[PDB]
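>
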Amino acid sequence: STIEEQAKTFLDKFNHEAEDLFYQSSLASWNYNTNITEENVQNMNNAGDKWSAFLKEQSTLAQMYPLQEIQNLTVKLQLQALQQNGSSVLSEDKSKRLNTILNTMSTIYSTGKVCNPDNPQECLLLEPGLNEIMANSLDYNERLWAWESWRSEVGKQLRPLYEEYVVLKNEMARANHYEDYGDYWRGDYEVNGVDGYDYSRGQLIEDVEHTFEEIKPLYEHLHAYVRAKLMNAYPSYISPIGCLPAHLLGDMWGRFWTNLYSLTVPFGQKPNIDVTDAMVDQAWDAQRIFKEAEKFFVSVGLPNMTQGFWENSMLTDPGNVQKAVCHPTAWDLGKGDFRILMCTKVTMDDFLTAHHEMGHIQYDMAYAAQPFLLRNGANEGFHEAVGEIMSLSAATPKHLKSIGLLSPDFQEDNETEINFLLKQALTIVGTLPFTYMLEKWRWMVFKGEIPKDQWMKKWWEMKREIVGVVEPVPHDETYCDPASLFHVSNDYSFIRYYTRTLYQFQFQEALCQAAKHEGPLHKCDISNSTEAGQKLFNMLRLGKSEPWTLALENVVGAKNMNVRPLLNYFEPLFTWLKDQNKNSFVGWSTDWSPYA
Amino acid sequence: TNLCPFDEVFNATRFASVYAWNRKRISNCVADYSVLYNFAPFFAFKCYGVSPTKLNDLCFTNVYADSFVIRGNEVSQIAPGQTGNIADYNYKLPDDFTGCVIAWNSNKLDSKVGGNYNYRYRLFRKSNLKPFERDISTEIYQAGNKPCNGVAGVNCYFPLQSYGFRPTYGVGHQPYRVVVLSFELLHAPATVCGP
Amino acid sequence: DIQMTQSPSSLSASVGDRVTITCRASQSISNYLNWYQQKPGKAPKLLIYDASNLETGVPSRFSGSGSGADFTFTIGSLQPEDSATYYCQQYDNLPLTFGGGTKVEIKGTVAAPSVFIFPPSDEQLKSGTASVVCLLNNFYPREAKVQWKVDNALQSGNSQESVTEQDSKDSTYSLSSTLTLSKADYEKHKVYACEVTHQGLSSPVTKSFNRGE
Amino acid sequence: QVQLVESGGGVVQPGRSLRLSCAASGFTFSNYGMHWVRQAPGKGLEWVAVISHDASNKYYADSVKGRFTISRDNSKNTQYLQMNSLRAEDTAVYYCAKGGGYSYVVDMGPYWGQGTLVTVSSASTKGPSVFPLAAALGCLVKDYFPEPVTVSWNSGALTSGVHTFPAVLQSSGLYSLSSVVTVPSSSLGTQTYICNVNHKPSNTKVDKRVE
Ligand SMILES: *[C@@H]1O[C@H](CO)[C@@H](O[C@@H]2O[C@H](CO)[C@@H](O)[C@H](O)[C@H]2NC(C)=O)[C@H](O)[C@H]1NC(C)=O
Ligand SMILES: *[C@@H]1O[C@H](CO)[C@@H](O)[C@H](O)[C@H]1NC(C)=O
Ligand SMILES: *[C@@H]1O[C@H](CO)[C@@H](O)[C@H](O)[C@H]1NC(C)=O
Ligand SMILES: *[C@@H]1O[C@H](CO)[C@@H](O)[C@H](O)[C@H]1NC(C)=O
Ligand SMILES: *[C@@H]1O[C@H](CO)[C@@H](O)[C@H](O)[C@H]1NC(C)=O
Ligand SMILES: *[C@@H]1O[C@H](CO)[C@@H](O)[C@H](O)[C@H]1NC(C)=O
Ligand SMILES: *[C@@H]1O[C@H](CO)[C@@H](O)[C@H](O)[C@H]1NC(C)=O
Ligand SMILES: [Zn+2]
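Protein chains in written order, with the deposited numbering: chain A, 19 to 614; chain B, 333 to 527; chain L, 1 to 213; chain H, 1 to 134, 145 to 221.
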């Protein structure tokens, strides 16, 4: 018997028990998220411990099949995921130290409070608290206070814990035949094996920089427009040629610029599209909205939802009787069980979130026939893109006309279009340089390019050069600014958001072109077009069984990430911004500072 | 007139496992195929060779009813020339098979919360089964080149696995009761006849 | 393997009684047991198949019952034509295992033997041998006393006995015996006799002849 | 009209080979599969072997493992058994039994042959000597070793009052038996009575008149 046959038998046995164990764990988790009781927590923990123990025991047996003799291109992928060591290579003391450090950072971040000076009897949290304050205040001193307090109390409390983190994960990765933890994160995008579709870990850096180089003009013009409009609210705080202060951005990390909408509306007299009143007038409930979602997803050729979907899924908060988490979620419990957890309401926002989770369920349903270890998205940034392209098409005014929730004689002008496009760009275009900077800084820290004593210097030498924001007050090495983010304090990756933002517009452009749509791209309905569903399903069923390169090729026609569709989405806004910025200065200087 | 007891076949309390599939011989009675059309929900009622319409006016020597329960997605594996875990290690029908196959849903009787593990199938075997072959052996399967010495371990496995039927499963993973009618008539005087 | 036991090994019943046989098993065999009838010198005949089902061309008095491990066979109105050996067999798994068997004797009223002694043929003397034949006929019990009185003297160690099978028509038995000697030994004696003692006879019956006649 | 006929039985010396055949008529022999069972003289039934429909699954008994071989002849409607290294206690009557169609090797029942008889001894053949015995009359058959002899009365015309006693083993190494027929006491000798003795193993046919 050759090695390949033993590997196949091992994988068959593994899959057969893995299906049952994972279904038990998933059902326990669903019970813990619907009900809430200590018994449910204990049952969920027992199922999770059994699943983890089974995974560890099966991983241990996997190394005695050498990996260099298997040539099947799908058996090797499963055994590769099984053979990954992780924290097992490190000693017991090292593993305990790492776990303690991670738990300490998580506890410190989740339990950060800020108390106002000279008053111990008044302290504010993050959610709510500092988030609401800096999202709905126009006072320079208050925003400065919140921004400085977060990095003074919470910020300075995580630098020593992050100091040993680097040098410990570095040895963990080195013992795993790597170079650092950055390569461990980058390995998700590596594709070795099939020829012509190869992707290397190092290629990610060059790809990301090349895509970012094409975003700079639009971001700079949006920067200039926001800077011009912000001088009317803070007359004596922003330089016409300088950078945006880091606290005048709506979000306290500067991740999103949505909360600035009221300060930057192009035309405030003309309102936005809201169908909540029409829906409540027409006697719409949760069932009615979800049946519209199902009908829309049927119109493109996608199958119905099963009889068990309409009985086991929770589509409304039961009330005070129960206690469930009202965070929209899509559950693929395995063995043909699919559910949506959502406390929906009669509102446009829930109308779109229903489509988001409905698309998640469709994508999960597509690849149910693949083996257990390959039942995910091809990479970490496909599943949410598929979710959001569905909600893109549901907010179009023609879609609301076709359903009965809009006045049939509603004519669409050329100002509300600009309002909608700016609302979208403040959330989508304003988050990419932040992600690029954060991941680049983490990569350089892990690699060793940034010395231990020159961290924050670089951390603010790059914000002025990449993001265009300057600190209101300078900081020394006693702060830990990056750790103030959730995804840095908790061990998480961040390039996925950039990658998903770039892929979703490629997906939408491909679907719209396949739909024979004529008109502005931001007004595109893929309804009543079977060709726009079959092309998506040609990829939805693949799972991880194929490299993400070919998965993307099957839909967009290109094997690499592209940014041109994102630029083509905001062309009317680009032209309007260039027209409105003929009397201002585009760009920024790396010398000006509020404390200068 | 002694009507043939198809009632004790279709209406049984419990069925048989796939690897140990139950066989019942019926003869010396008058058989009516109209009663078999009860239990209105039929997942599948497919006959090969004779036709269901012309089944009433026929005569045979004996009839054999083979009964068991499988997964829904596996139903298509109980036809001639089919491949799968059920059709290679558990239950096999010949290429020239002439008879009727009746599969109906049994989610309301054969599904329990927590797992109905009484239904088992065979996962590993040295070779395939020949038509109408039943194997109930429980020997350790060897996947390597080292004697297992009658104990499981590295590259040594247990051949039989168990279904985990629950009511919350999907339609494809729900239990389904399957009965196969095979008609055997010989050069001896025919015995099984209808009205 | 699979081990199965039949009990009782021997049974006797009158013409108007009911007979029940039992057959056990060492594991669960479900409805996979069948019963056979075997007359002396004939192949077995299937009576009950699949754990109490009737076959074609069998009287309704034969009925089975059982499931699991222990099984029972039963006869209705007994008849003279039911003298044979009955077997139980399983067909659940590999090597099929039969049972010990059950021999059924039909017990009736006592009859009287008909004794006719055959003098040895001359050919026996022509070949240098001898054989005196003592014949019992139509007596119910299995065997009776057969004694020779050659020259008013008992002989033993040079004779053989044979017992036939029970009749299906009238439930009777028969017996024969042969005495072998040489021509010189036969000529040494002058008087031969056979004495038969039977329950149905008031006195033992002696049939005798002599060399001279 | 299904009929099973066994053949090939006889006498063989210990340590030799012997082949038995079962010929079947009345069904499609090519796709059923068959069984061999045997019965020792004065003992119960004993299953020997089973073979599937095509000819690819063969199963044997442990007591006959390594010496017996089962084969099919799908075409000739015959099933064959080969016996090697025969020992003392292999003397028996062999029946061939019909099984269940295809590879269902655990089926048997209402179709048996008449059986063929096989012995394993070092002795040789012999000729049965027939003598008359003259109410009741009969024939005495003596000094025949190998295997049993058939006795008939007037070519089978006489069917009432006939007793065929079982054979007994003469310590010289032979077998002896006596057959009787009863005539009514009211009617004296009026019809000629002839007993026919047939011995297939030695092919000895004898007609003996009793008067
Ligand atoms: C998709 O096609 C269907 C089928 O024509 C459309 O449904 C009809 O649309 C017309 C358009 O005027 C209405 O008059 C009918 O009342 C609709 N029939 C229904 C709803 O049963 C549907 O509107 C199309 N979707 C679009 C255009 O977005
Ligand atoms: C789960 O919630 C339901 C709904 O009220 C309740 O009846 C049930 O008791 C809860 N289960 C537990 C274990 O609390
Ligand atoms: C890899 O193995 C699977 C196992 O079923 C097989 O279907 C597939 O064709 C194999 N791939 C190649 C390239 O042979
Ligand atoms: C994982 O670690 C073990 C040592 O515990 C080692 O033998 C094995 O090769 C490692 N796995 C890989 C893929 O290198
Ligand atoms: C989906 O379900 C609706 C009603 O449940 C039915 O009318 C429609 O035909 C279904 N669609 C498909 C493709 O079966
Ligand atoms: C909209 O259309 C009017 C009508 O010509 C035009 O004057 C105006 O420039 C267009 N754009 C905006 C943003 O109003
Ligand atoms: C099956 O049994 C149930 C309960 O005994 C009975 O209600 C039903 O009518 C039976 N079905 C048939 C077809 O006889
Ligand atoms: Zn989502």
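Where a beta carbon is used, it is the ideal one built from N, C-alpha and C, also for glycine.
#1: What number of angstroms, rounded off, separates the C-alpha of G413/B from the C-alpha of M383/A?
#2: So the alpha helix (DSSP H) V298/A belongs to, where does it begin and stop?
#3: Name the chain H residues that come within less than 8 Å of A43/L, Cβ to Cβ?
#4: Under 7 Å between beta-carbons, which chain B residues line up against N93/L? List them in chain order, please.
#5: So which of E166/A, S19/A and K476/A has the shortest CA-CA distance to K458/B?
#6: Three-state secondary structure (DSSP) at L267/A?
#7: Report the three-state DSSP secondary structure of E195/L (helix, strand or coil).
#8: Counting pairs of Cβ atoms below 8 Å between the region 370–388 of chain B and the region 460–468 of chain B, do you hit three or more?
#9: With DSSP as the reference, please indicate the residues paired to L45/H in a beta bridge.
#10: Give the single residue among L162/A, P565/A, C133/A and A65/A whose Cα lies nearest to the Cα of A396/A.
#11: With a threshold of 7 Å, establish whether the CB of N546/A neighbours any heavy atom of ligand 5.
#12: Would the beta-carbon of residue 615/A fall within 8 Å of that of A443/A?
#13: What residue from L116/A, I126/A, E22/A and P84/A has the CA that sits closest to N90/A's CA?
#14: Suppose you measure from the CA of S127/L to the CA of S7/H; what does that come to, to the nearest Å?
#15: Per the DSSP calculation, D54/H is bridged to which residue(s)?
#16: Do you know how far the Cα of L108/A is from the Cα of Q101/A?
#17: At what residue ranges does the region 443–515 of chain A contain a whole run of the alpha helix (DSSP H), taking only runs of 4 or more?
#18: Let me see if you follow: with CB-CB separation under 8 Å, is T206/L close to chain B or not?
#19: Look up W112/H in the DSSP assignment and give the residues it is bridged to.
#20: Distance cutoff 8 Å, beta carbons only. Does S409/A sit that close to anything in chain B?
#21: Identify the continuous alpha helix (DSSP H) that holds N64/A and give its terminal residues.
#22: Can you tell me the Cβ-Cβ gap for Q6/L and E105/L, rounded? I've got them flagged as a contact below 8 Å.
#23: Anyone know if the C-beta pair for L143/A and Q96/A falls short of 8 Å?
#24: If you check the beta carbons only, do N58/A and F390/A fall under 8 Å apart?
#25: Is the region 325–342 of chain A touching the region 249–266 of chain A, taking contact as three or more C-beta pairs under 8 Å?
#26: Counting only beta-carbon atoms, is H34/A nearer than 8 Å to chain B?
#27: Is the region 493–504 of chain B close to the region 402–410 of chain B, with three or more CB pairs under 8 Å?
#28: Compare the C-beta of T523/B with all C-beta atoms of chain L and state if any pair is closer than 8 Å.
#29: Shortest alpha-carbon distance to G220/A belongs to which of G211/A, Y207/A and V212/A?
#30: CA-CA distance, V207/H and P113/L?
#31: Starting from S409/A and walking both ways along the alpha helix (DSSP H), at which residues does that stretch end?
#32: Less than 7 Å separating the Cβ of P590/A from some heavy atom of ligand 5?
#33: Would a C-beta distance cut-off of 8 Å place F175/H and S189/H closer than the cut-off?
#34: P132/H versus chain L: which residues are under 7 Å apart at the beta carbon?
#35: Between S507/A and chain B, is any beta-carbon pair separated by less than 8 Å?
#36: Is the region 163–181 of chain L in contact with the region 163–182 of chain H, if contact means three or more CB pairs nearer than 8 Å?
On the basis of the coordinates in this document:
#1: 29 Å
#2: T294 to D299
#3: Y95, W112, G113, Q114 and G115
#4: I468
#5: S19/A
#6: coil
#7: strand
#8: no
#9: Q39/H
#10: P565/A
#11: no
#12: In the structure as shown, chain A starts at 19 and stops at 614, and residue 615/A therefore has no counterpart that could be examined.
#13: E22/A
#14: 36 Å
#15: DSSP, once it has assigned bridges, lists no residue as partnering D54/H.
#16: 15 Å
#17: 450–465, 473–479 and 504–507
#18: no
#19: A97/H
#20: no
#21: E56 to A80
#22: Actually they are not in contact, since the Cβ atoms of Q6/L and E105/L sit about 16 Å apart, beyond 8 Å.
#23: no
#24: no
#25: no
#26: yes
#27: yes
#28: yes
#29: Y207/A
#30: 27 Å
#31: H401 to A412
#32: no
#33: yes
#34: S121
#35: no
#36: yes
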